[PDB]
Amino acid sequence: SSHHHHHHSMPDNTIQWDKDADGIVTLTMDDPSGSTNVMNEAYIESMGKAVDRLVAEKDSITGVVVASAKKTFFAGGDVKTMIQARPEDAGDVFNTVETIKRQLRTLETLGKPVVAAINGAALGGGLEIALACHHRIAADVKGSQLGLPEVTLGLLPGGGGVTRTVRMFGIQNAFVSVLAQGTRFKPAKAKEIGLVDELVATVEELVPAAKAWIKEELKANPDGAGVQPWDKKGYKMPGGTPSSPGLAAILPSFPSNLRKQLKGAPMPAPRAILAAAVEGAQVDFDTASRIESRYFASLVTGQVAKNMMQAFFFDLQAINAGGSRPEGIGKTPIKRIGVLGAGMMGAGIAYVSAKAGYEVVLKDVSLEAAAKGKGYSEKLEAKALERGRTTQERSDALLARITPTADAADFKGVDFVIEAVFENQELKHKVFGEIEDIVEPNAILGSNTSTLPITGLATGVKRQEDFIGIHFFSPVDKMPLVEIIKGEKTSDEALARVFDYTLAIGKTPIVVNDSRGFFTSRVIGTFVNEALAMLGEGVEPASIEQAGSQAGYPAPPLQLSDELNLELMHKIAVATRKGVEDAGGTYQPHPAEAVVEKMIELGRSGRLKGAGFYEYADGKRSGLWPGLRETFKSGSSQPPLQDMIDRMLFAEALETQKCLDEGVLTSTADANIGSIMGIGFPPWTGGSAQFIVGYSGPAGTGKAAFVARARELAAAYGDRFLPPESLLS
Amino acid sequence: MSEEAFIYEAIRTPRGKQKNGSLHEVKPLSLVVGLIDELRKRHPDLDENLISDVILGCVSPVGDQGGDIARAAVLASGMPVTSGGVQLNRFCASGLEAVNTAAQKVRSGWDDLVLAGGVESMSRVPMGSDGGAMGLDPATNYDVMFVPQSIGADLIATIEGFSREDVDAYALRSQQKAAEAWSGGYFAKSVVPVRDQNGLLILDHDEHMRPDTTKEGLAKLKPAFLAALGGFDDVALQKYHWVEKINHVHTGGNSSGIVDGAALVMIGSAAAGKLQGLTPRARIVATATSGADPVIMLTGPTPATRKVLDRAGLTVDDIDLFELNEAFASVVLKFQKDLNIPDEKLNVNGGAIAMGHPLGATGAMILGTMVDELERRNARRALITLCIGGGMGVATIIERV
Amino acid sequence: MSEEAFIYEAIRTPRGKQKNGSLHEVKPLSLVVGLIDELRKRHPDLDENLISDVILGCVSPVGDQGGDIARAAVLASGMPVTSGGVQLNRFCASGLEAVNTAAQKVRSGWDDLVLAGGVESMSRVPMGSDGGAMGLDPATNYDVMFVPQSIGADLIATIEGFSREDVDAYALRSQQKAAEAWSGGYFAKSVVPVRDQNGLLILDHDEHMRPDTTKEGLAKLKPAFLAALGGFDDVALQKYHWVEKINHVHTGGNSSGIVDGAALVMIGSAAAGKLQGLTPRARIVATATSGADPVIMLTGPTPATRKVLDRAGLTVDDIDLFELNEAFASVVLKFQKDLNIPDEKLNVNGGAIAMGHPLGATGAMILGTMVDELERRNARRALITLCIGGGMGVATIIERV
Ligand SMILES: NC(=O)c1ccc[n+]([C@@H]2O[C@H](COP(=O)([O-])OP(=O)(O)OC[C@H]3O[C@@H](n4cnc5c(N)ncnc54)[C@H](O)[C@@H]3O)[C@@H](O)[C@H]2O)c1
């Protein structure tokens, strides 16, 4: 009954008021406590005053223009408040989004045209504000995005995004195209799907074009001015309402399809979005909006959203702000990069460095292979030119920066070295030692190795202070994580210079101290090894794959075990066994090693051979090997599926805490984003380190319940599940 | 528990097929009124004021079948205005549930004579026309793993090792036994031909039957393609995670047929029969309602049969005839395999694969089918059960008198 | 009478009004699950596997209320998959019919513990949404002389000499007694407030109530405006040829309110309650189903009440409380005049004129209302009856225990 949060018994003011001679009110959003407009408590009171004033002066107002003084139009909500919302705060969260939406509903039913002047990024609640307007004009400036990405934080568009997008596009289109995955759209595609009505070239035209549309809308469409399509007498929802016979014939398949694409993972945000969309399409707009509020509060007060908000908002900001970057180091720009190795990785490394605008000298043995890595980078442009994204002016400049060569002396003037030659220490020493004195003395000397320690590799150069590990993931052009590895001789300046390089190419960095398996390769090993152990114990392989998919992983472990060569995992085992045996300790074999050697004994080393846990045909993965159940006598051991899930998740979570105890990692944020972007740890957990503080089961929720469940698993399946003392008291 | 419930009449209409069927022009209300008039013809001096209720099962009580079609049948047929009228929906067992509820109302001593049965004009009111709380609410559909009945039958065949030839072999068996039942004249008295307002014949036989079905003809059919929409296979395997791939063996030739039909049973106490000059034909021995996992919705007949066998104090060997609805061939083979049912006792006059499955009426149709066959064989006991959507099950034991 | 039917719990939701109602955003499936969860709260150690059926009345079983909403409630609430679930429709007595059928299934001995009640979200599924086998068939509508209930009510007032002030005087009595019952705390234990998934309150009272109603305000109201469609007055007077003109005395203030609500009753045998530690609150003495003229559609309670009194060997003097649904004021004044019901015994805690008439749930709502009022007064017997569309009638006698 109020546009305000409090109506009994002093925040900032973030909205300017301009009413011109023609009665057009220009609401200009400008939060003085930041550079981004956000749905904080200050906005709610500021917009609450303006909407009160819009109603009181309605006899003198002809139209409304919503604009922003910042570079961005409006970006997201108050995450610092939503992450603190306890279950007993659900009423407060419910009342907050109801107040926000009552403001937008009044602005929407003002009887006057309202236009959104989208000058920049309109994300989350920002697009929801623009959706409350009757017309959306967007400037086609670069760096601008539009969408409702609150599903990525475990939330839902609770400021009318669900309700309004369903009214505009229908249940199916709004869910698939906009809501379920929180896709961000450039202004041209935002206009294509219908999120934006007009496009202009610059921000200067926006407010004059919005006012010109208002003046024109009143003349041509006077009775329909300021009336959304769903507020008209004969509104018909696109695709129909749930009562429509056409939609009712396919409606029962919407949850099952969603359960397919999610593979059964416990991610409650897409489920609630689909529920709020269908239940909202059954009733009037206002009732649909209040149903949307209750589902929003159900997510905010849940643990899964507190995991995702911690990972994809706070942890990501701390990483991009330089939390692992060494303290007090200036920037050292990069003039010319030099890539030693034109293989699968070095091709993408040379591409992502050229796409960022850096001169790259790509070296390989032959000029044939020196241009096979560049041919990899033409396959991505010829596919980005066909998809109508980039231009032939930009693409011809990108491929021109990539210089293929086999001349070692061509590394003259190269200040950044990324080596992607094969896993051979004598080879990396060879390639580096033949280049150290031709490249600058100020030059970084990075290595993309995944197993060989940086400490031993650094002893091939004179300036070991400049040697560092720059570990990309395949394929380089898509994987976002860069695992920067700090060797014993690595300087802080070299660590910071590579940290700056990773951000300059649009990737996310984590800092790792040199150790066997580093962090990503080591943690993911416990995941695939835990599954192979279950296979040896007699668990059905179909159940193991189902456990990995329902746990939230992007690929089931036996399938992933075929992609990574089984003789590659066997080599990592022998490499680690020699490391422990040389140190004097006895190497206790993981129960998965007997499964690896049994499969290699049967000539089923994985996908490369065409035979592994799955059978393969014409390069396409077929079904699971029928002889697998007779080999390991599967079906004789049938533990609960939740135990198989927890056995894989806890194995990685415990190995993450061990990495933190050993000093392999510096922060929990580097562990969460490292596990999410690097090895595919389920995003609903918020990372392998957040999984400890956010575990939820029959034992409870928190670190203590994690410890209790880990011991419950330990007594049943092995002492590797016993928690480190750092999690105890 | 005091009053014994007896079956005095058990009749049904012929079953008209889905596409260009003879009964498509007949409103389902008329299908029931005709059966009411047939009861009046068999008993001209029946005091209909002694009838206290009319209970009809109907799975899609919408449109032609909405507004309590049982009450509409009471009024349209000119039955006394005190004779009740109530519709119920328990999915595929609604027809048998109406008979059981009628029997249980008689046993309570508070009802004397009741008409029970069902009606389903699937050519006019398709399945799912009534919507559905589970199907149309995503939150319920997500929590309760919703899956069509066809996917459950394929999952049964996969887990039990029922090959495509095994289920088609049963489908061939149902066509043969249904054709032999009509040829022998088993259905001559209980199948009441449907006629128009002028007395002209509309349908006098089960036109869904394909009595010349061959093993070769069944092998050439194609699997079912609510199914043919994405998601349902992955959802079933998420619960049944030890199963890797579902073997889709069910076609239109080994599944129940979409048909129109109605059935009506006259149930009353012994005093109601003696007072109205009605000869009892069978006694309702016991009823049971149970069920199994709502993803494998069609395994419900097994616990419901054990439950009714426990109450009646009987075993499998004491039952002369087993009648299970042929919704899908794998369901019957699973039921036969579990309880070791002899093959010469199971669905001896064919089932819904040949004659059709009019959802709301099938339970009362196959019940009266066993009342006739117990008389014709001069046998003693029969057990009737049907699988149900949502994972339910209903079973009934009758005893010839 | 070997197995007696006992009422162990009888709960209901508050009734939310039709326009701007608090329960409009609540799925009717959710209304039943909330009552199921309340029964779990009152009996945390209840073996729900002993529950063999859930029986819900629903007059508009379509859309949110289609697809056997009783089974939907079983699966959505996490009850055992053996717990049954069947929807029935006997128009306005569907809620009481579900309780009667549950009691009769218990007495039959083939059911042990059954949940019974009803649900009707009239603001989401309006009356007539399911279509109708009568109105859809002109030949049948033309034959049965279909006349809506409100016109039958106005016809009762004209024949019996009930004035506009007379029917408004009873409506004032209903508002006052409902307000006195709420203020006295009579409904505190049985009215279960509805809450959202976050636990936030949605509705905790019967918001259709107008406690400050006056006789002058009722007179300013206008008569009801389907009955507004032409011909119904002339059709009714063709049947009742001795009445020259129908006095339209009924308005929205002296007729039942259109509301959303749900009710749920737990019924079982003495052995079933002893097994689960349930204390019996009342006993079902007898049930009866009768009917009256189908054009007046509302005089069904009188023969049904007499039929249940004869069945139990009782008379009006043996009954402490009479609970007749307040579909229309003239219906209750007619029932009171015929059976000479004392005013102090009739609808003592108010009725549907004040609190509303959720079609499928009302019968179970007013039954539990008498269960509580018998305990509160320490009285013995209450008779509960509802008029039914099509001129039917259902009556139940309960005895405090
Ligand atoms: N393959 C992966 O998925 C993956 C993942 C993480 C890290 N890595 C690391 O990446 C490196 C391999 O990169 P890749 O997969 O693109 O290589 P690749 O498998 O394509 O290796 C073949 C390349 O080695 C080159 N080569 C051999 N001797 C050379 C020399 N003296 N100088 C220059 N090039 C020489 C060949 O010319 C060709 O460019 C290794 O250090 C590996 O551990 C790989």
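**Thoughts on a positive patch on the surface**
Okay, so step 1: On the surface, A:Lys142, A:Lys186, A:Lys189, A:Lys355, A:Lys383, A:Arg387, A:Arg389, A:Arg394 and A:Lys478 cluster together to form a positively charged patch.
Okay, so step 2: When you line up the elements, A:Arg394 lands in helix α16 (residues 392–401).

**Remarks on the interface of chain B and chain C**
Okay, so step 1: Between chain B and chain C, the residue contacts involve 61 residues of the former and 60 residues of the latter.
Okay, so step 2: Looking at the side of chain B that touches chain C, the elements with two or more residues in it are β3 (51–57), α2 (69–76), β4 (86–89), α3 (94–107), α4 (133–136), α5 (138–143) and β9 (282–291) of chain B.
Okay, so step 3: It is β9(B) that provides the largest number of residues to the side of chain B that touches chain C, a total of seven residues.
Okay, so step 4: Looking at the side of chain B that touches chain C, its residues break down into 23 nonpolar, 24 polar and 14 charged.

**Brief notes about the pairing of strand β4 (residues 86–89) of chain C**
Okay, so step 1: Side chains C:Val86 and C:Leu88 project from β4(C) onto one buried face, and the interleaved C:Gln87 and C:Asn89 project onto a second face that is buried too.
Okay, so step 2: Sheet analysis places β4(B) next to β4(C), joined by three bridges and oriented antiparallel. Directly across from B:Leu88, in β4(C), lies its bridge partner C:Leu88.
Okay, so step 3: Two elements, strand β3 (residues 51–57) of chain C and β4(C), share three bridges in a ladder whose sense is parallel. Along β4(C), the bridge assignment pairs C:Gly57 with C:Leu88.
Okay, so step 4: Handedness of the β3(C)-helix α2 (residues 69–76) of chain C-β4(C) crossover: right-handed.

**Section: the sheet that holds strand β12 (residues 402–405) of chain A**
Residues and elements named next belong to chain A.
Okay, so step 1: Sheet architecture is open: eight strands sit in the order β12-β11-β10-β13-β14-β15-β16-β17, paired in mixed fashion. Bordering the open sheet on either side are β12 and β17 (508–513), each of which pairs with just one other strand. Averaged over neighbouring strand pairs, the angle between their axes works out to 25° when direction is ignored.
Okay, so step 2: Two elements, strand β11 (residues 359–363) and β12, share four bridges in a ladder whose sense is parallel. By the bridge assignment for β12, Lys363 is matched with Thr405.

**Observations regarding the environment of B:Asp260**
Residues and elements named next belong to chain B.
Okay, so step 1: Mapped onto the fold, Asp260 is located in strand β8 (residues 259–268).
Okay, so step 2: Classification of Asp260 as buried rests on a relative accessible area of 0%.
Okay, so step 3: In this structure, the C-alpha to C-alpha distance between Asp260 and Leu324, residues 64 residues apart in sequence, is 19 Å.
Okay, so step 4: A distance of 2.8 Å separates the side chain of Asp260 from the backbone nitrogen of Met122, its partner in a polar contact.
Okay, so step 5: One polar contact links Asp260 to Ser123, side chain to side chain, over a distance of 2.4 Å.

**Description of the site of the ligand**
Residue and element names in this part refer to chain A.
Okay, so step 1: Surrounding the ligand, one finds 19 residues, the nearest of these being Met344, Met345, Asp364, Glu423 and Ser450.
Okay, so step 2: Here an oxygen atom of the ligand and a backbone polar atom of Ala342 are 3.4 Å apart.
Okay, so step 3: Interatomic distance of 3.4 Å between a side-chain N/O atom of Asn448 and an oxygen atom of the ligand.
Okay, so step 4: Within the complex, 71% of the 850 Å² of free accessible area of the ligand lies under protein.
Okay, so step 5: Taken together, the elements giving at least two residues each to the shell around the ligand come down to α14 (344–355) and α17 (425–433).
Okay, so step 6: The residue makeup of the shell around the ligand, split by class, is nine nonpolar, seven polar and three charged.

**Details of the domain arrangement of chain B**
Residues and elements named next belong to chain B.
Okay, so step 1: Taken domain by domain, chain B comprises domain 1 (1–125 + 186–284) and domain 2 (133–185 + 285–398).
Okay, so step 2: Relative placement of domain 1 and domain 2: their C-alpha centres are 15 Å apart.
Okay, so step 3: Note on domain 1 versus domain 2: buried area summed over both sides is about 6400 Å², and carbon and sulfur give 66% of it.
Okay, so step 4: In terms of surface lost to domain 2, no three residues of domain 1 exceed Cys92, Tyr186 and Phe187, which account for 14% of the buried area on that side.
Okay, so step 5: If you look at where domain 1 meets domain 2, you find three salt bridges.
Okay, so step 6: For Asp372, the salt bridge is made with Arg281, and the minimal N-O distance between the two is 2.9 Å.
Okay, so step 7: Here domain 1 and domain 2 share 31 residue pairs in polar contact between them.
Okay, so step 8: Looking at the side of domain 1 that touches domain 2, the elements that each hand over two or more residues are β1 (6–12), α3, β5 (113–121), α8 (215–219), α9 (232–239), β8 and β9.

**Focus: the state of the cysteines**
Disulfides are covalent bonds that link the sulfur atoms of two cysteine residues.
Okay, so step 1: Applying the stated criterion across every chain yields a total of zero disulfides over all chains.
Okay, so step 2: Free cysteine B:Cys92: the closest other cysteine sulfur is in B:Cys387, separated by 5.8 Å.

**Brief notes about the sheet that holds strand β8 (residues 146–147) of chain A**
Residue and element names in this part refer to chain A.
Okay, so step 1: The strand order β4-β6-β8 describes an open sheet built from three strands, whose pairing is parallel. Each edge of the open sheet carries a strand with a single partner, namely β4 (74–75) and β8.
Okay, so step 2: As paired elements, strand β6 (residues 122–123) and β8 share two bridges and run parallel to each other. Along β8, the bridge assignment pairs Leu123 with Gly147.

**Comments concerning the pairing of strand β5 (residues 113–121) of chain C**
All names here are of chain C.
Okay, so step 1: The element β5 is largely enclosed, with a buried count of nine among its nine residues.
Okay, so step 2: Burial along β5 is two-sided: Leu113, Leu115, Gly117, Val119 and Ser121 facing one way and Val114, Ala116, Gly118 and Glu120 facing the other are all buried.
Okay, so step 3: Pairing between β3 and β5: six bridges, direction parallel. Of the residues in β5, the one forming a bridge with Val54 is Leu115.
Okay, so step 4: Here nine bridges tie β5 to strand β8 (residues 259–268), and the two strands are oriented antiparallel to one another.

**Some thoughts on the relation of the copies chain B and chain C**
Okay, so step 1: Superposing chain B onto chain C takes a rotation of 180° combined with a translation of 0.0 Å along the rotation axis, leaving an RMSD of 0.3 Å. The superposition operator between the copies reduces to a two-fold rotation axis.
Okay, so step 2: Counting the interface residues of chain B, we find that 97% of their copies in chain C are interface residues as well, pointing to one common contact surface.

**Considerations on the UniProt feature "binding site: NAD(+) 1" (unreviewed entry) in chain A**
All names here are of chain A.
Okay, so step 1: In this numbering, the UniProt entry assigns the feature "binding site: NAD(+) 1" (unreviewed entry) to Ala342, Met344, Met345, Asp364, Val421, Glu423, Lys428, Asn448 and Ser450.
Okay, so step 2: By the element assignment, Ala342 lies in the loop between β10 (336–340) and α14.
Okay, so step 3: When neighbours within four sequence positions are excluded, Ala342 is seen to be in contact with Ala347, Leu362, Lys363, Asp364, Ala369, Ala370 and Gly373.
Okay, so step 4: Relative to the elements of secondary structure, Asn448 occurs in the loop between β14 (444–447) and α18 (454–458).
Okay, so step 5: Judged by its relative accessible area of 9%, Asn448 is buried.
Okay, so step 6: When sequence neighbours within four positions are dropped, the list of residues in contact with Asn448 reads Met345, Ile349, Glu419, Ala420, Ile470, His471 and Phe472.

**Describing unusual backbone geometry**
Okay, so step 1: The step from A:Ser474 to A:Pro475 runs through a cis peptide bond, and the omega angle for that step is -5°.
Okay, so step 2: Locating A:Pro475 in the fold gives a position in the loop between β15 (467–471) and β16 (481–486).
Okay, so step 3: Backbone geometry at C:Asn340 places phi at a positive 55°, although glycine is not the residue there.
Okay, so step 4: We classify C:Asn340 as exposed; its relative accessible area is 62%.
Okay, so step 5: For C:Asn378, which is not a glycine, the phi torsion comes out positive at approximately 55°.
Okay, so step 6: Of the residues examined, C:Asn378 reaches a relative accessible area of 54% and is grouped as exposed.

**Some thoughts on the interface of chain B and chain A**
Okay, so step 1: Counting from both sides, the interface comprises 23 residues of chain B and, opposite them, 31 residues of chain A.
Okay, so step 2: Note on chain B versus chain A: buried area summed over both sides is about 2300 Å², and carbon and sulfur give 58% of it.
Okay, so step 3: Of all residues in chain B, B:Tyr142, B:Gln238 and B:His241 bury the most surface against chain A, accounting for 33% of the area lost on that side.
Okay, so step 4: Seen at the junction of chain B and chain A, the total is two salt bridges.
Okay, so step 5: Between A:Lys260 and B:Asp234 there is a salt bridge; the shortest N-O distance is 3.4 Å.
Okay, so step 6: Where chain B touches chain A, the interface holds 11 residue pairs in polar contact.
Okay, so step 7: If you list the elements that add at least two residues to the side of chain B that touches chain A, you get α4, α5 and α9 of chain B.
Okay, so step 8: Of the residues contributing to the side of chain B that touches chain A, the split by class is 13 nonpolar, six polar and four charged.

Reading the values: rules and limits
Residues numbered from 1 in each chain as written, not as in the entry; some residues may be left out. Chains lettered and ligands numbered in written order. Part of a larger assembly, values for the part shown. Heavy atoms only, no water. Residues with missing side-chain atoms left out of burial classes, pairs and counts. Patch = residues over 30% accessible without salt bridge, like charges linked within 9 Å, V, L, I, M, F, W, Y side chains within 5 Å. Areas by Shrake-Rupley, 256 points an atom, 1.4 Å probe, with all protein chains shown as cover. Salt bridge = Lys/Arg side-chain N within 4 Å of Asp/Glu carboxyl O. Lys, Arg positive; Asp, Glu negative; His and termini not counted. Charge placed at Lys NZ, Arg CZ, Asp CG, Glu CD. Helix = DSSP H or I, 4+ residues; strand = E, 2+ residues; numbered from the N terminus. Contact = heavy atoms within 4.5 Å. Nonpolar A, V, L, I, M, F, W, Y, C, P; charged D, E, K, R; others polar. Buried < 20%, exposed > 50% of the residue type's maximum accessible area, 1.4 Å probe, protein only. Pairing = 2+ DSSP bridges. Right-handed = clockwise from strand over helix to strand, strands pointing away. Axes fitted to C-alpha atoms, helices over the stretch in contact; angles between N-to-C directions. Polar contact = N/O pair within 3.5 Å; in protein donor to acceptor, adjacent residues only side chain to side chain. Near = heavy atom within 4 Å. Domains from an automatic or database assignment. Buried area = accessible area lost by both parts, 1.4 Å probe. Disulfide = S-S within 2.5 Å. Least-squares fit on C-alpha atoms. UniProt positions renumbered as here; feature names shortened; annotations may be inferred.

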